[PDB]
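Given as structure tokens, the chain that follows is alone and in the form deposited in one PDB entry.
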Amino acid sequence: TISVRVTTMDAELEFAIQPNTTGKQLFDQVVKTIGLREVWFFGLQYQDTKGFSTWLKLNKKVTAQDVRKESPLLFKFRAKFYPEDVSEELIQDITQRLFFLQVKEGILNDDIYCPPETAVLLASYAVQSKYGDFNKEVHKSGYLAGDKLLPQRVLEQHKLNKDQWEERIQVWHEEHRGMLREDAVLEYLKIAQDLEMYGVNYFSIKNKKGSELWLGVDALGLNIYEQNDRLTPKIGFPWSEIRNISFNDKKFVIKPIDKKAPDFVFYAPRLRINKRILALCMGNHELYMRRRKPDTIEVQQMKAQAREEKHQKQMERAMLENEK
């Protein structure tokens, strides 16, 4: 039997599996352990035998995928898909917290572009989540001096020092007094989800002519970007307009729903990456159609459980808040 370590954005988990264990059986233990039921967004990422970041396929034996000759096997539990609207679609506090931490990681390392003024508001919600209500006795000058709060490109391209950035974040921290940490997490996600790069998987492609471009795959559809501008799509293909996505030997074809419009063609060189593109397209299209049908009874019951858990946590805080 095989020892496994799974890291979420804020937890270490240890498991032992049979060598016959599928992805789905390992994944099911992870989500049961952390109490996550919104499982459709998530997957297990690992570094393969060549050092490439790889999604574990749930419908295959773990040890048959290109996992390393390590012990224990290491995985990262991460969101693979994003909702169109966090308010509507992230039901559980755990789901909200794991999206929050994964997105904030990508904001702070400059993976997800964020203008300075937005970075300050995001940081103010991250502070409310970490520290709770501002109190001028504890949150003295320097209270944020030890925190990674802004993207490096925001800290670089300005001549404000550490102290001036902390003062700007504090103004908004003070404004969030009375906000539950979980409500700050949600307000963070509501701002982040409107960023141009939020929830976009980028891939390096060419058109027929050989112009170097980017493909974006996201919740809403496909986008084509100029090489030097990953913020503004030059062309958009909503999932509602895509009949089929396929590739054969570097050549991708996007067939439209309107059978009289032409196909869109692009080229991507790596078989490994082309499979990953196809999997994100099929996964994003399936969730696009699913969120346009009515909530399953299962989802209604998760919504109920979440609302009751939230009501219960309020009662407990009411009881403690009262004692003194």
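Here the rigid core means the biggest group of C-alpha atoms that line up within 1.5 Å when the two forms are laid on top of each other. Counting begins at 1, following the sequence as shown.
The stretch 242-250 shows the higher mean C-alpha B-factor when 242-250 is compared against 212-220 in the entry.
Judged by mean Cα B factor in the deposited record, 291-299 ranks above the other of 23-31 and 291-299. Across 159, 230, 130, 176, the greatest Cα temperature factor reported in the deposited entry is at 159. For the set 273, 257, 280, 58, the maximum C-alpha B-factor listed in the entry falls on 257.
Among the modelled residues of its chain, residue 44 has a C-alpha B-factor that falls in the lowest third, as given in the PDB entry. Compared with the other modelled residues of the chain, the Cα B-factor recorded for residue 163 ranks in the highest third.
Sort the modelled residues of the chain by CA B factor and residue 136 lands in the highest third. Ranked against the other modelled residues of its chain, the C-alpha B-factor of residue 109 as given in the entry falls in the middle third. Residue 154: CA B factor lies in the middle third for its chain, per the PDB record.
In what follows, reference is made to the form deposited with a partner chain bound, a form of this protein that is not presented.
Checking 177, 130, 136, 162 against the partner chain in the deposited complex, a heavy atom within 4.5 Å turns up for just one residue: 130.
Proximity of residue 29 to the partner chain in the deposited complex: non-hydrogen atoms within 4.5 Å are present.
Annotated contacts: 47, 49 and 53 are all free of the partner chain in the deposited complex [non-hydrogen atom within 4.5 angstroms].
Here residue 28 does not count as shifted, since its C-alpha moves by less than 2 Å between this form and the one not shown after the core is aligned. The Cα position of residue 50 differs by 2 Å or more between this form and the one not shown after fitting on the rigid core.
Taking the rigid core as fixed, one finds a CA shift for residue 60 smaller than 2 Å between this form and the one not shown. Relative to this form, in the deposited complex the C-alpha atoms of residue 224 and residue 51 approach one another by 3 angstroms or more.
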